[PDB]
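Chains as they are written, first to last, in PDB author numbering: chain A, 2 to 244; chain B, 2 to 244. The beta carbon of each residue, even a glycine, is placed where N, CA and C say it ideally should be. Everything below concerns the one structure shown next.
Protein chains: 2
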Amino acid sequence: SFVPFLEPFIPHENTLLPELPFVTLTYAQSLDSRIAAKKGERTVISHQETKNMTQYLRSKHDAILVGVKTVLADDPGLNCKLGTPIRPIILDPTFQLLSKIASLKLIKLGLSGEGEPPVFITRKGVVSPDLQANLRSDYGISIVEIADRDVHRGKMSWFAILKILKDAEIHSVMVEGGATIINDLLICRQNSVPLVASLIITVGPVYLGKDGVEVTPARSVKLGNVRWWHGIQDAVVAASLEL
Amino acid sequence: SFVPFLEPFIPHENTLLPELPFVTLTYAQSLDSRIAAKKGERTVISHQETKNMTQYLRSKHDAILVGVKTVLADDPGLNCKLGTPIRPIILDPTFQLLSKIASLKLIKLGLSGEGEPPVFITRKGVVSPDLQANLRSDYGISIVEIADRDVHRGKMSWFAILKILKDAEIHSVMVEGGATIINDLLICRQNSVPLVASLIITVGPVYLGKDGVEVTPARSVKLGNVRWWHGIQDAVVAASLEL
Ligand SMILES: NC(=O)c1ccc[n+]([C@@H]2O[C@H](COP(=O)([O-])OP(=O)(O)OC[C@H]3O[C@@H](n4cnc5c(N)ncnc54)[C@H](OP(=O)(O)O)[C@@H]3O)[C@@H](O)[C@H]2O)c1
Ligand SMILES: NC(=O)c1ccc[n+]([C@@H]2O[C@H](COP(=O)([O-])OP(=O)(O)OC[C@H]3O[C@@H](n4cnc5c(N)ncnc54)[C@H](OP(=O)(O)O)[C@@H]3O)[C@@H](O)[C@H]2O)c1
Numbered sequence: 002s003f004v005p006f007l008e009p010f011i012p013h014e015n016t017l018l019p020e021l022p023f024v025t026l027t028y029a030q031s032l033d034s035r036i037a038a039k040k041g042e043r044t045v046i047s048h049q050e051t052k053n054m055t056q057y058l059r060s061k062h063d064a065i066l067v068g069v070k071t072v073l074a075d076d077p078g079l080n081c082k083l084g085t086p087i088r089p090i091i092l093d094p095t096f097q098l099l100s101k102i103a104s105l106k107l108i109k110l111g112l113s114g115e116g117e118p119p120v121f122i123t124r125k126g127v128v129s130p131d132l133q134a135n136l137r138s139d140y141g142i143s144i145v146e147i148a149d150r151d152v153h154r155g156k157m158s159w160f161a162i163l164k165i166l167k168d169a170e171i172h173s174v175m176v177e178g179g180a181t182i183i184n185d186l187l188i189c190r191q192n193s194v195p196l197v198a199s200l201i202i203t204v205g206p207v208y209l210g211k212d213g214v215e216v217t218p219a220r221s222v223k224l225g226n227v228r229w230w231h232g233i234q235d236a237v238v239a240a241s242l243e244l
Numbered sequence: 002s003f004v005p006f007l008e009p010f011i012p013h014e015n016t017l018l019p020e021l022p023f024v025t026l027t028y029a030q031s032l033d034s035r036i037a038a039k040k041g042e043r044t045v046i047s048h049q050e051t052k053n054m055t056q057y058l059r060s061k062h063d064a065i066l067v068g069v070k071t072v073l074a075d076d077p078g079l080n081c082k083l084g085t086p087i088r089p090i091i092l093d094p095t096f097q098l099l100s101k102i103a104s105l106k107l108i109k110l111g112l113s114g115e116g117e118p119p120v121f122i123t124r125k126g127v128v129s130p131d132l133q134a135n136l137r138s139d140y141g142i143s144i145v146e147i148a149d150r151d152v153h154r155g156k157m158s159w160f161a162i163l164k165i166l167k168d169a170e171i172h173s174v175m176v177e178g179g180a181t182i183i184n185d186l187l188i189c190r191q192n193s194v195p196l197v198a199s200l201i202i203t204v205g206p207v208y209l210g211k212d213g214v215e216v217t218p219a220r221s222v223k224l225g226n227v228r229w230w231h232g233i234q235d236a237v238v239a240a241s242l243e244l
């Protein structure tokens, strides 16, 4: 199955950037490299054989990270079906989700103990210190702020985010999407060294077409240590990013 | 290997559109569904194991088809390294390749006997009857014209093309690219029946990025009879198109 297949790619000590958590970038794509169907169309890409794999990967990571738009589009739970704890991290620069906090599935799971209470990553001063105290008391939420010095062209530095997480004793983070985060992380380097340690992609045998949500990085990206797995319907490629 | 994997997908007689050849649509893609690198960058997608697979598929087809821009970009051979004959078919509506005829690898192979002399598919009256006689004498070229009735908004009808090829006793055609032709054939139906009988895709473990040549159909497309294979570097998916 996928367990021996993934054994070299689950978080491990041989990190080229030890001030950062072990970063897994992982997503499910159609053949034409879409990760969501067009607006109004149901998204069916990954089948249960590879959904199980994703749950297994979540059991090996301290944290799971997605962007606001993923939260808005999917209302994900962001816990682990095996029952191991995993900390949800939401990249929400202006805290758009504030008005939905009481409705979110990830908030509910944090309150029911079926999940861990989330961390939202925002720009400086987006959430006032007393709003943070109320949200922390009412929902268990933490707010983590990125200084303006670490924001370039309106994008928070991935290095700054990961260093904060690592300093909060998050030793491994599973970044699951969406397309913006995937595209940025695929090309993000620190002195030629990729921040992503493991890249694990489910390929579903479907086309979602030109109006689906596309993944493609701004330049070409070479992979190393490639290994393929497949089941009845889906295939999975695991790899590292080349220098 | 890939031989028993491909046995259900190589040309066979159980065809739903017997006035057409058996059509295999087959290409090599990056993970981000690009079939060629950005302008001026080298395109390395398919590794030797699947290059061998492509040559094996050519040995099962009467004909191989590409568009002009593929020929311009790649100057391809379009023969079969196993030594079996395969007829090159070039979709070239205005015969842009006229000026390059003497230089093209595929013409040289036709003249050397390592390949078969090509067929060019043009609009009506693009190549005068005595230019065709000369080109047929000087290079072995055949010109096939598509009637104006079968051309809509500049695009020739695939149903008309394949009918002509079938009527010329091409019983199976391997359509290899490029993106324009792949995108069109992925959605092309005749009374809900796809013209493509087999879809065979090599996925190479690489991203070519946003400036590469993208494959993605204009709407979502479902697959049937999905089967996966993988080697040391590449994966391969074989499927039919769903009704
Ligand atoms: N099939 C799969 O595996 C899979 C997995 C995950 C998600 N998805 C899909 O992905 C789609 C969404 O993708 P998306 O690209 O639209 O959204 P996304 O990547 O989840 O979120 C993007 C947003 O997050 C913020 N953000 C991300 N990186 C940032 C950075 N470095 N600095 C600052 N802010 C940053 C920005 O928020 P602001 O707009 O507030 O600046 C940005 O607009 C959904 O349809 C979802 O279903 C699919
Ligand atoms: N990795 C792989 O498997 C693979 C395989 C093949 C090709 N490729 C790459 O693909 C690129 C070519 O893609 P592309 O989309 O530019 O070219 P293409 O599909 O080979 O040719 C497109 C051109 O062919 C003509 N054409 C196609 N369908 C037609 C139709 N139904 N009716 C009339 N004319 C039609 C038109 O020529 P006019 O402009 O004269 O109308 C059109 O602009 C090249 O870079 C090549 O390297 C990659």
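Chain A within 9 Å of residue i, Cβ atoms only
{"i": "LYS52 (chain B)", "result": "no"}
{"i": "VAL24 (chain B)", "result": "no"}
{"i": "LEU79 (chain B)", "result": "no"}
{"i": "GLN30 (chain B)", "result": "yes"}
{"i": "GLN234 (chain B)", "result": "yes"}
{"i": "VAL4 (chain B)", "result": "no"}
{"i": "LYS82 (chain B)", "result": "no"}
{"i": "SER221 (chain B)", "result": "yes"}
{"i": "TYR208 (chain B)", "result": "yes"}
{"i": "residue 270 (chain B)", "result": "This structure does not reach residue 270 (chain B), given that chain B is present from 2 up to 244, and the question cannot be answered."}
Beta-bridge pairing of residue i - partner residues as DSSP gives them
{"i": "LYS223 (chain A)", "result": "B:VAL207"}
{"i": "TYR28 (chain B)", "result": "B:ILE202"}
{"i": "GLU177 (chain A)", "result": "DSSP, once it has assigned bridges, lists no residue as partnering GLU177 (chain A)."}
{"i": "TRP159 (chain A)", "result": "Beta-bridge pairing links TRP159 (chain A) to no other residue."}
{"i": "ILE144 (chain A)", "result": "A:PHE121"}
{"i": "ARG154 (chain A)", "result": "Paired residues: none, contrary to the question."}
{"i": "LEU66 (chain B)", "result": "B:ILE90, B:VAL176"}
{"i": "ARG35 (chain A)", "result": "A:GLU215"}
{"i": "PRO195 (chain A)", "result": "A:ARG190"}
{"i": "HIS13 (chain B)", "result": "None, per the DSSP bridge assignment."}
Distance CB(residue i)-CB(residue j) smaller than 9 Å
{"i": "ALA29 (chain A)", "j": "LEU209 (chain A)", "result": "no"}
{"i": "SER173 (chain A)", "j": "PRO22 (chain A)", "result": "yes"}
{"i": "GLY179 (chain B)", "j": "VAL214 (chain B)", "result": "yes"}
{"i": "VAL238 (chain B)", "j": "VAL24 (chain B)", "result": "no"}
{"i": "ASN184 (chain B)", "j": "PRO218 (chain B)", "result": "yes"}
{"i": "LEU26 (chain B)", "j": "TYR57 (chain B)", "result": "no"}
{"i": "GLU50 (chain B)", "j": "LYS167 (chain B)", "result": "no"}
{"i": "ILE171 (chain A)", "j": "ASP76 (chain A)", "result": "no"}
{"i": "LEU98 (chain B)", "j": "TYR140 (chain B)", "result": "no"}
{"i": "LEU196 (chain A)", "j": "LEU163 (chain A)", "result": "yes"}
{"i": "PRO119 (chain A)", "j": "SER143 (chain A)", "result": "yes"}
{"i": "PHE6 (chain B)", "j": "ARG228 (chain B)", "result": "yes"}
Where the alpha helix (DSSP H) through residue i begins and ends
{"i": "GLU50 (chain A)", "result": "49-59"}
{"i": "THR71 (chain B)", "result": "69-75"}
{"i": "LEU7 (chain A)", "result": "3-7"}
Reference residue i; option with closest CA among the options
{"i": "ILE91 (chain A)", "options": "A:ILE122, A:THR85, A:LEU105", "result": "A:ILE122"}
{"i": "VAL216 (chain A)", "options": "A:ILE36, A:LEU26, A:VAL120, A:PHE23", "result": "A:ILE36"}
{"i": "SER221 (chain A)", "options": "B:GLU146, B:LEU187, B:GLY205", "result": "B:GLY205"}
{"i": "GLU117 (chain B)", "options": "B:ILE108, B:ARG124, B:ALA169", "result": "B:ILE108"}
{"i": "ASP212 (chain B)", "options": "B:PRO12, B:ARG124, B:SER31, B:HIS13", "result": "B:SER31"}
{"i": "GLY126 (chain B)", "options": "B:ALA148, B:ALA74, B:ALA169", "result": "B:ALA148"}
{"i": "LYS156 (chain B)", "options": "B:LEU17, B:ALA134, B:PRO119, B:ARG124", "result": "B:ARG124"}
{"i": "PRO89 (chain B)", "options": "B:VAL67, B:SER60, B:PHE96, B:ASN226", "result": "B:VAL67"}
{"i": "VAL207 (chain B)", "options": "B:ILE11, B:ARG59, B:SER47", "result": "B:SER47"}
{"i": "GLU146 (chain B)", "options": "B:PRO94, B:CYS189, B:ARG137, B:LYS106", "result": "B:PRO94"}
{"i": "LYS106 (chain B)", "options": "B:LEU17, B:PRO12, B:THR71, B:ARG59", "result": "B:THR71"}
{"i": "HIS13 (chain B)", "options": "B:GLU42, B:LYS61, B:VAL4, B:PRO5", "result": "B:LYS61"}
{"i": "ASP235 (chain B)", "options": "B:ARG43, B:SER143, B:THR55, B:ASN15", "result": "B:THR55"}
{"i": "residue 1 (chain A)", "options": "A:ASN135, A:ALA134, A:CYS189", "result": "This structure cannot settle anything about residue 1 (chain A), because the visible part of chain A is limited to 2 through 244."}
{"i": "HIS231 (chain B)", "options": "B:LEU73, B:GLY114, B:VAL45, B:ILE202", "result": "B:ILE202"}
Cβ of residue i within 9 Å of any chain B Cβ
{"i": "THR217 (chain A)", "result": "yes"}
{"i": "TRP229 (chain A)", "result": "yes"}
{"i": "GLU42 (chain A)", "result": "yes"}
{"i": "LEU187 (chain A)", "result": "yes"}
{"i": "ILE202 (chain A)", "result": "yes"}
{"i": "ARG35 (chain A)", "result": "yes"}
{"i": "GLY213 (chain A)", "result": "yes"}
Range of the contiguous beta strand (DSSP E) that encloses residue i
{"i": "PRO89 (chain B)", "result": "88-92"}
{"i": "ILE108 (chain A)", "result": "Element bounds for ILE108 (chain A): not the beta strand (DSSP E) but the alpha helix (DSSP H), 106-113."}
{"i": "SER241 (chain B)", "result": "236-242"}
{"i": "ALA103 (chain B)", "result": "It is not in any beta strand (DSSP E) - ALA103 (chain B) carries neither H nor E in the DSSP assignment."}
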